[PDB]
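Enquirer: what's the 3D shape of this:
(chains A, B, C, D and E)
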Amino acid sequence: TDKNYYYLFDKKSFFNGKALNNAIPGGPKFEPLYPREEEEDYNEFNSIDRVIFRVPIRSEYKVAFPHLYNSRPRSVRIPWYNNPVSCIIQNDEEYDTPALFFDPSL
Amino acid sequence: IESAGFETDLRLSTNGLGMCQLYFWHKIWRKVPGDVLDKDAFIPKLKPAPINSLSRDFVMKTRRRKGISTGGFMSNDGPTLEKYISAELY
Amino acid sequence: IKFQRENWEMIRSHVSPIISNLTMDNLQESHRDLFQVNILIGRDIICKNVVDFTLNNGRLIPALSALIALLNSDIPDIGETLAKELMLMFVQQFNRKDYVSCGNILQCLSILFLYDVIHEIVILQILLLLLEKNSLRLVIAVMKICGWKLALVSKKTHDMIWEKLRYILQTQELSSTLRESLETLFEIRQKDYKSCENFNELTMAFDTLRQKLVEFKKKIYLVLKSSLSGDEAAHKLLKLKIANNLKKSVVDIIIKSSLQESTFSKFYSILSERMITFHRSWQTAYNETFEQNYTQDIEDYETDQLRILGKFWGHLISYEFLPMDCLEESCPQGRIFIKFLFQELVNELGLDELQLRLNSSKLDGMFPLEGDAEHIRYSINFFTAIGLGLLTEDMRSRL
Amino acid sequence: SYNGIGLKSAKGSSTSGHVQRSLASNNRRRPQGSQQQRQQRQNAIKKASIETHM
Amino acid sequence: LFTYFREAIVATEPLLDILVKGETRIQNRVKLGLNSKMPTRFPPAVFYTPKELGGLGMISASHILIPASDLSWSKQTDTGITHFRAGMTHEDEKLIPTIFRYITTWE
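Expert: Residues are numbered from 1 along each chain as shown, chains lettered A, B, ... in the order given. And now the structure:
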């Protein structure tokens, strides 16, 4: 019932992954849209001389902010970015009860 | 720096029950740990560096990006007369 | 009658002693001791001892509860009596503003409930009583103690209690401390408690009661041989995640495999390095293996194999291992192995540097510094046999 | 591909394209705490080394 | 291939890949003969079993867990052996030994 559960299991996310040839490890994988033209030629951009590696930049993050973390994204759809779902259902046959959470101060 | 794919990561961890938001209105700067002006510094190129040499490495990277340091390996220091006061009197 | 009285007195004393003793280090022993002594004729005494103990260590209340339960399982009447006593104590505490006593008693009750000694009804009643006088400090700890259990048994009751607490928090001008307590309780709830005439006969009964109360190796080999680089092999080994028992065995197997190959391969060394980096237990295992080798398994090998082994060890020790080494009588195969190791070290390091490194570690076996009446001469000779320095210097030093 | 490391595509390959992350990787990462020894040694070796305005 | 460059194979990943592919192709040739290539119907038994137990007696170099790496950072800059790739087949935890481990490296 929580919609936010499907984070990086959206259709959109899947599409993005497909585009970027980037498996969300749980999800599916495809033939890449574009052939990986490895022709950087040791340029002054994106070099390991230049950049810093505090974050590992996981491919989880690629399909979440496609246009940012991934460089030269193509045919990439935009994903969702959601609210949290506090929804409590009683399984013991009781009626309107603050069970799982805590009372106000005053 | 450390907040790259923070929120997403959190979401992944928490099965989308916790939603992070990061912000910068306190304008709260802080010393990068470690100590700049160290030529020994760190071990790894590919991995994240250690914390004593963290400051240095970042600075170096920035320099490289700018085009201040010329080459694969370099340093940072004061340009003055008398060999920088004899390396600050040794 | 006099005899009986004496016995009772003795029993009481014993109980007291046990109570005094009771701790985590010697609990079983205490229990055993307790079992030895009678507690049917001296049931009251036992009860007194238990209660007193509870009043005193409160930290060892759980243990006490357990003991009571055990007793009850055999002699239920005694347990009942104890429970009654506890209840009385609680009542007294309530009456007299003896807060500490109440806390202790409450805790005991909770423990009992947990161990299926007393019913949760009593606990519920106590909670209710606490609520009626706005006493948050008393019921908060008790609830925590017997929370999960309460939930399991009387869920409705628990719910009611929670509701009451909530009401107190919100629909009553509570203190700061009280509020804090309430909050704590709530938090706990969220996680569900994360933290005589027939004397002889009786005696007879009690005594009766007392009386009553290769394949693996093969697999490893395959792994070693079904792997391109050593790294891969190491990874494979780690996948297996064999127990800290078998690590040594694995290491031994690896060594054997290495020996089997015609000459020393970097592969095995690499694998070892990988293992070593991975965990302290593997390092320990390696150390053990090394110890076994020079001590008891070295003299068994033929020469080439021995040489290979030495080389491997040198490689391990040039970087990864700590130079820790335990070395007239001990000189055939072993000496040659040592020589080989030294050679390997030299190759890896560089002579002077190697020497320096050796010096840096304690190293009494390889190079004993003290002259010891021309015992170092042998060592010097050995060193000379395989091109090396510093020996001469050492000799000069001693004269 | 996961973190830039998986094999681009399952086809062609002539293989599962399965990817166990190595436990040598961890080892490689770690010895700045445990290489560390070498560093320490190095350090040891090189360890010893206005009024008017006011 | 292996006797000529014993030591020098391990480092080159392309060569390893080719070997994996080549071996698979060879296997499929045999399976082509039997007009199937159903992966269950040819357990490694039938290929690697020697001729003296009725097998083909191939000499695999395919069951190696190949070094994968950040192809981003592989061709570029520097490298280390992290993340192994699959190697060649589904196995029944049957570690087929590899010819390289029975060849003494050139050094």
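
Enquirer: looking at chain A, which helix is longest?
Expert: helix A:11-20 (DSSP state H).

Enquirer: tell me the first helix or strand C-terminal of that helix.
Expert: Using DSSP states H and E, the helix or strand that directly follows helix A:11-20 along the chain is helix A:59-62.

Enquirer: residue C:110 - nearest residue in space that isn't next to it in sequence?
Expert: residue C:145 (3.4 Å; CB to CB, 6 or more residues apart in numbering or on different chains). C-beta here means a position set from N, CA and C on the backbone, and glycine is covered the same way.

Enquirer: right, and that neighbour touches residue C:115 too?
Expert: No. Residue C:145 is beyond contact range of residue C:115, at 11.7 Å (criterion: CB atoms under 8 Å).

Enquirer: look at these two and report which has more neighbours.
Expert: Neighbour tally, residue C:145 and residue C:115, criterion other CB atoms under 10 Å in any protein chain shown: the higher count belongs to residue C:145, 23 against 19.

Enquirer: ok, the more buried one - contacts?
Expert: Taking CB atoms under 8 Å, 6 or more residues apart in numbering or on different chains as the contact definition, residue C:145 lies against C:106-107, C:110-111, C:114.

Enquirer: and for residue C:223?
Expert: For residue C:223, the residues meeting the contact criterion (CB under 8 Å, 6+ apart) are C:233, C:236-237, C:240, E:95.

Enquirer: for the contacts of residue C:145, which one is nearest residue E:76?
Expert: Using CB to CB, residue C:114 is the member of those that lies nearest residue E:76, at 62.6 Å.

Enquirer: count of neighbours near that closest one?
Expert: Other residues lying near residue C:114 total 20 when counted by other CB under 10 Å.

Enquirer: and it, how far is that from chain D?
Expert: Per CB to the nearest CB, to the nearest Å, residue C:114 is found 43 Å from chain D.

Enquirer: I'd guessed that residue sits against residue C:150; true?
Expert: No. Applying CB under 8 Å, one finds residue C:114 not in contact with residue C:150, separated by 9.6 Å.

Enquirer: checking my notes, residue C:181 in a strand, right?
Expert: No. When the secondary structure is assigned by DSSP: H, G, I helix; E, B strand; the rest coil, residue C:181 falls in helix instead of a strand.

Enquirer: surely it and residue C:143 touch.
Expert: No. If you go by CB under 8 Å, residue C:181 and residue C:143 don't touch, sitting 9.9 Å apart.

Enquirer: quick one, which of those two is more surrounded?
Expert: More neighbours sit around residue C:143 than around the other of residue C:181 and residue C:143, counting by other CB under 10 Å; the figures are 26 against 22.

Enquirer: now flag whichever of the contacts of residue C:145 is closest to chain D.
Expert: Lowest distance from chain D to the contacts of residue C:145 (CB to the nearest CB) belongs to residue C:114, with 42.6 Å.

Enquirer: quick one: the closest one from residue E:92, how far?
Expert: Residue C:114 sits 50 Å away from residue E:92, taking CB to CB, to the nearest Å as the criterion.

Enquirer: same check on residue C:71?
Expert: If you measure residue C:71 against residue E:92 using CB to CB, the figure is 57 Å.

Enquirer: which one of the two has more residues nearby?
Expert: When neighbours are counted by other CB under 10 Å, residue C:71 comes out ahead of the other of residue C:71 and residue E:92, with 22 against 8.

Enquirer: on that earlier part again, select from the contacts of residue C:223 the one having the most neighbours.
Expert: For those, the largest neighbour count, defined by other CB under 10 Å, is 27 neighbours, found at residue C:233.

Enquirer: now do the contacts for it.
Expert: When the contact criterion is CB under 8 Å, 6+ apart, the partners of residue C:233 are C:223-224, C:227, C:267, C:271.

Enquirer: longest helix of chain E?
Expert: Longest helix in chain E by number of residues (criterion: DSSP H): helix E:13-33.

Enquirer: check which residues of that one are buried.
Expert: When burial is assessed from 16 or more other CB atoms under 10 Å in any protein chain shown, helix E:13-33 yields the following buried residues: E:13, E:15-17, E:19-21, E:23-24, E:27, E:31.

Enquirer: does chain A have contacts with that helix?
Expert: No. Applying CB under 8 Å from any CB of the partner chain, one finds that helix E:13-33 is not in contact with chain A, the shortest distance being 12.7 Å.

Enquirer: right, is that helix up against chain C?
Expert: Yes. Using CB under 8 Å from any CB, a contact is recorded between helix E:13-33 and chain C, made by residue E:16.

Enquirer: ok, then the element right after that helix?
Expert: Later in the chain than helix E:13-33, the nearest helix or strand by DSSP H and E is helix E:45-48.

Enquirer: tell me which residue lies nearest the centroid of the chain.
Expert: By default, I'm working from chain A. Taking CA atoms, centre = their mean, the centroid of chain A lies closest to residue A:64, which sits 3.5 Å from it.

Enquirer: hm, I was asking about chain E
Expert: residue E:62 (0.8 Å).

Enquirer: so it makes contact with residue E:86?
Expert: No. At 10.6 Å, residue E:62 and residue E:86 do not qualify as touching, with contact defined as CB under 8 Å.

Enquirer: now the residue lying farthest from the centre of chain B: which helix or strand?
Expert: Here chain B has its C-alpha centre computed as a mean, and the residue farthest from that point, by CA atoms, centre = their mean, is residue B:17 with 32.6 Å. Following DSSP H and E, there is no helix or strand that holds residue B:17.

Enquirer: the nearest residue in space to residue A:30 that is not next to it in sequence: how many residues sit nearby?
Expert: When the adjacent residues along the chain are set aside, residue A:30 lies closest to residue A:18, with 4.7 Å between them (CB to CB, 6+ apart). Using other CB under 10 Å, residue A:18 is surrounded by 21 other residues.

Enquirer: against residue D:4, how distant is residue A:18?
Expert: Shown here: residue A:18 relative to residue D:4, a distance of 17 Å by CB to CB.

Enquirer: and residue C:276, helix, strand or coil?
Expert: Assigned with three-state DSSP, residue C:276 falls in the helix class.

Enquirer: tell me the contacts of it?
Expert: By CB under 8 Å, 6+ apart, residue C:276 lies in contact with C:282-283, C:286, C:316, C:320-321.

Enquirer: just residue A:98 next, same as before
Expert: residue C:166.

Enquirer: residue C:33 too?
Expert: The contact partners of residue C:33, by CB under 8 Å, 6+ apart, come to C:14, C:18, C:21.

Enquirer: surely it forms part of a helix?
Expert: Yes. Membership of residue C:33 in a helix is supported by three-state DSSP.

Enquirer: which residue is nearest the middle of chain B?
Expert: In chain B, the C-alpha closest to the average C-alpha coordinate belongs to residue B:58, at a distance of 2.6 Å (CA atoms, centre = their mean).

Enquirer: against residue A:54, how distant is that residue?
Expert: Counting by CB to CB - residue B:58 and residue A:54 are separated by 9 Å.

Enquirer: go on, residue E:9?
Expert: If you measure residue E:9 against residue A:54 using CB to CB, the figure is 36 Å.

Enquirer: show me what contacts the residue farthest from the centre of chain B?
Expert: With contacts defined as CB under 8 Å, 6+ apart, residue B:17 is in contact with A:2, A:4, A:84-85.

Enquirer: closest to chain D out of these?
Expert: Of all these, the one sitting nearest chain D is residue A:4; the distance, using CB to the nearest CB, is 22.8 Å.
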